[PDB]
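Read through the structure below, which is laid out as structure tokens, and then see the notes.
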Amino acid sequence: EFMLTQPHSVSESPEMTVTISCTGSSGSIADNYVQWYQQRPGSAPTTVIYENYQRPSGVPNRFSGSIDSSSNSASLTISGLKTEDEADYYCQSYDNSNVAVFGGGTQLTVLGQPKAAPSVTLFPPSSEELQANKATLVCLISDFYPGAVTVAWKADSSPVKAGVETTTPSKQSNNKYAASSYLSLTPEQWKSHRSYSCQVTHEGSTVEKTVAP
Amino acid sequence: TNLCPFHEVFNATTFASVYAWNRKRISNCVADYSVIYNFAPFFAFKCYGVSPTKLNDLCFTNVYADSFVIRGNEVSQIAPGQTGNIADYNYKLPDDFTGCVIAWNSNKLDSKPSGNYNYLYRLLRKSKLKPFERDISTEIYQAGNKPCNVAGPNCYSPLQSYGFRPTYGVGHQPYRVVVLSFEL
Amino acid sequence: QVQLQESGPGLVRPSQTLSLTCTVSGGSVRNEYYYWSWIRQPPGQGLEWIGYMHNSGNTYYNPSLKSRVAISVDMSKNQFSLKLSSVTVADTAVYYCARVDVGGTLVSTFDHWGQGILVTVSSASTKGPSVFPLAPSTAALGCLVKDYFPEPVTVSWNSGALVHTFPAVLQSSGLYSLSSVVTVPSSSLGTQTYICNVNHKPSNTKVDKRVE
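Residue numbers (the entry's author numbering), protein chains in the order written: chain L, 1 to 9, 11 to 30, 35 to 57, 65 to 72, 74 to 109, 113 to 229; chain A, 333 to 481, 483 to 517; chain H, 1 to 9, 11 to 31, 34 to 59, 63 to 72, 74 to 111, 111A, 112A, 112 to 142, 150 to 174, 178 to 227.
See the structure below:
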């Protein structure tokens, strides 16, 4: 059992410096090699750092890695960012049982316009649909620039995570980002509970919108 | 018939180190080379004495079966006429050796998550051994200017534990090597 | 340089097996110091290691995907394949094949990757969308497209006067979903020409809807 936990999202303006990290929850991080892979949306991963310090051929000098065994974590320091650096950076290492352990993934987004708070619109199950023994509560998130949000659902009192399908954030025509979260509900559960919500955890904020039968 | 106990060597599940290789004298048994095919995928099955195809058709008076685990790069030194740290201080074969050497990868069997330290090899020694002779002396090796007789300044033990872990490179992964020595 | 390419059926069914092949062009499966690995990635999630195998036969698998994966090598055509049995609807992902370096005294980076192949483990035929509208709560008008298997299903407005549409979402029911929404400047603007028309491309099963 060896894990690697990266930050869910990192963002800095151009010409700044980002430091994507990953902490080994178990095992150790100095006992094996730590590599870093860049995966742009729609392509295969690519090595940017191997042997914990070295860059493969063709990789620019803007990238640099490091390892701190006192805190049991790794890092990927990138300076002088540009528009072609925004991609998913993975922290990959190994367990002593010979198991390739990849990180959860850090979506780096180089800022190009000011930040925006996610506007939300809750939609009722459309009772016409409730007559067909289906509710399908849908939340539509939009108007947020950092294309990395974490939707949080809430029942009458409990948080709803079981039976949820969340889309990958896409881009609208206003150059911002949007996303959705479809909760598989039925009129039975819609009638048993009396309150719902869809809060959009974002960069230092959370916008919650409610809806009632 | 009464085939030879080759299963006791290739499938022992407890291998001896290279400085204490388990010498087994094969005699009074028919050399059934069929089990050698199944006990390994033949990584470094290379003969120097006779051809493998005519192994079952020959006749021998005395046959030896050795076994030891070494790193990947040290297998090429088990051929007759090599020089290194295993072919000099742990194992030796004559220039006119007539036999075969069987080596295969056992990274999944001799590598522990916390390190398999049960495999040690003699790194440094004064002189080199003789073919088919052992050296189980645990006396510390002298390398300093004055006779030390603890491991003081420039005085170290001749053995050294193998770096065997499942994540090690295949060059440093455990390779179980077997030698079928024949005498005419 | 060395390059890899995945190949196989882009659509599987539950209780079946997923078989993909990775032909090594520019290298050699016979080459040691290298592990041949398969990597998985669900849509919208992170990379997941399935396992690798040495050309000598040392197979190392993911402790979670054990007893369900099987990677083998073929020295004849320089190819190694993946066999993932007992597939469920949750195994829909983009599958990658890569090789790792095992020469530098330790197992090391995945130096060469493939290109990615998408498989959709579903248990449905060419069904049709069960559209249900969405009442506005500035308000938004949504027409939820739900329970459709085929991928290319578009949502038009006014047959040319299109607003934003959301990509598909595969769920446990084995059917995709979709939502296309707009924004109305006023509340009394619900009975206007905001007409939502969808279809089913494999059968041209056009479906109209207007949120009155």
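For each residue, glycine too, the CB sits at the ideal point set by N, CA and C.
Where DSSP assigns a beta bridge to residue i, which residues make up the other side?
i, result
"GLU516/A", "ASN394/A"
"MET56/H", "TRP39/H, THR65/H"
"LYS225/L", "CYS214/L"
"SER106/L", "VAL39/L, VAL117/L"
"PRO175/L", "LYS170/L"
"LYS187/L", "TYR193/L"
"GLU6/H", "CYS23/H"
"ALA164/L", "Answer is none; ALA164/L lacks a bridge partner."
"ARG106/H", "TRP39/H, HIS117/H"
"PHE347/A", "Answer by DSSP bridge pairing: none, since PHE347/A is not bridged."
"residue 231/H", "Given a span of 1 to 227 for chain H in the structure shown, any question on residue 231/H remains unanswerable."
"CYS480/A", "Answer is none; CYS480/A lacks a bridge partner."
"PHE87/H", "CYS23/H, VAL80/H"
"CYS23/L", "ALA87/L"
"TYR160/H", "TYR191/H"
"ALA100/H", "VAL124/H"
"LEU153/L", "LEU199/L"
"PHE2/L", "Answer is none; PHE2/L lacks a bridge partner."
"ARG509/A", "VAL401/A, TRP436/A"
"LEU124/L", "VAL11/L"
"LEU335/A", "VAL362/A"
In this structure, does DSSP put residue i in helix, strand or coil?
i, result
"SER12/L", "coil"
"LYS356/A", "strand"
"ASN85/L", "coil"
"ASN114/L", "coil"
"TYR380/A", "coil"
"residue 262/L", "No statement about residue 262/L is possible, as the shown extent of chain L runs from 1 to 229 and does not include it."
"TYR369/A", "helix"
"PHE464/A", "coil"
"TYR501/A", "strand"
"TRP206/L", "helix"
"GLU51/H", "strand"
"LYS386/A", "helix"
"residue 482/A", "No coordinates are present for residue 482/A, because the numbering of chain A runs from 481 directly to 483."
"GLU145/L", "helix"
"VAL94/H", "coil"
"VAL407/A", "helix"
"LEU199/L", "strand"
"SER202/H", "helix"
"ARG454/A", "strand"
"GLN474/A", "strand"
"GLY28/H", "coil"
"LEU138/L", "strand"
"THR131/H", "coil"
"residue 482/A", "No atoms are given for residue 482/A, which sits in the stretch of chain A between 481 and 483 that the model skips."
"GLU181/L", "strand"
"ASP101/L", "strand"
"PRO217/H", "coil"
*asked:* I'd like the ranges of any beta strand (DSSP E) spanning at least 3 consecutive residues and lying wholly in the region 409-447 of chain A.
replied: 430-437
*Proximal residues, the region 498-516 of chain A versus chain H, C-beta separation under 9 Å*: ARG498, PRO499, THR500, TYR501, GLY502, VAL503, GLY504, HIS505, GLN506
*asked:* Would the region 438-445 of chain A count as touching the region 454-468 of chain A if we require 3 or more Cβ pairs under 8 Å?
replied: no
_What are the residues in the region 432-451 of chain A lying within 8 Å of chain H by C-beta distance?_
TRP436, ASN437, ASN439, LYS440
*Should the region 127-137 of chain H be regarded as contacting the region 196-207 of chain H, the criterion being three or more beta carbon pairs within less than 8 Å?*
Result no; under three Cβ-Cβ pairs closer than 8 Å.
*Should the region 81-93 of chain L be called in touch with the region 16-30 of chain L, which here means at least 3 C-beta pairs below 8 Å?*
yes
*Note down, in chain order, all residues in the region 356-376 of chain A with a beta-carbon under 8 Å from any beta-carbon belonging to chain H.*
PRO373, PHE375
*Below 9 Å between beta carbons is the criterion; list the residues of the region 181-201 of chain L that meet it against any residue of chain A, in chain order.*
Residues passing the 9 Å Cβ filter: none.
_Sufficient close CB pairs (3 or more, under 8 Å) joining the region 35-50 of chain H to the region 74-89 of chain H_ = yes
*With a cut-off of 8 Å, do at least 3 Cβ pairs link the region 352-360 of chain A to the region 219-229 of chain L?*
No, the region 352-360 of chain A is not in contact with the region 219-229 of chain L.
*Decide if the region 39-52 of chain L is in contact with the region 100-108 of chain L; the criterion is three or more beta carbon pairs, one per stretch, under 8 Å apart.*
By the Cβ test, the region 39-52 of chain L is in contact with the region 100-108 of chain L, since at least three Cβ pairs between them sit closer than 8 Å.
*Stretch-stretch touch, CB-based, cutoff 8 Å, three pairs: the region 368-375 of chain A with the region 413-426 of chain A*: no
*Any residues in the region 183-217 of chain H with a beta carbon nearer than 9 Å to a beta carbon of chain L? Which ones, in chain order?*
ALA183, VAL184, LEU185, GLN186, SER187, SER188, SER192, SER194, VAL196, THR198
*Taking a cut of 9 Å between CB atoms, which residues from the region 35-56 of chain L lie near chain A?*
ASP36, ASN37, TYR38
*Using Cβ-Cβ distances below 8 Å, what residues of the region 119-137 of chain L are close to chain H?*
Along the region 119-137 of chain L, the positions whose C-beta sits under 8 Å from a C-beta of chain H are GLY119, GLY120, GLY121, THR137, read in chain order.
_Residues within the region 145-166 of chain L neighbouring chain H, beta-carbon criterion of under 8 Å_ = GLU145, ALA148, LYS150, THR152, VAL154, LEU156, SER158
*Indicate whether the contact test is met: 3 or more Cβ pairs, each with one atom in the region 185-198 of chain L and one in the region 147-164 of chain L, closer than 8 Å.*
Using a Cβ-Cβ distance cut-off of 8 Å, the region 185-198 of chain L and the region 147-164 of chain L are in contact, since at least three pairs of beta carbons, one from each stretch, lie closer than that value.
_With three or more C-beta pairs closer than 8 Å as the rule, is the region 429-436 of chain A touching the region 498-513 of chain A?_
yes
*asked:* When you compare the region 337-354 of chain A with the region 397-415 of chain A, are there three or more beta-carbon pairs, one atom per stretch, that lie closer than 8 Å?
replied: yes
*Should the region 154-169 of chain H be regarded as contacting the region 213-227 of chain H, the criterion being three or more beta carbon pairs within less than 8 Å?*
yes
*Hey, is the region 178-192 of chain H in contact with the region 101-111 of chain H, meaning 3+ C-beta pairs nearer than 8 Å?*
no
*asked:* For the pair the region 132-148 of chain L and the region 178-190 of chain L, tell me if three or more CB-CB distances fall below 8 Å.
replied: no
*asked:* Quick check: the region 213-221 of chain L against the region 157-172 of chain L, are at least 3 beta-carbon pairs closer than 8 Å?
replied: yes
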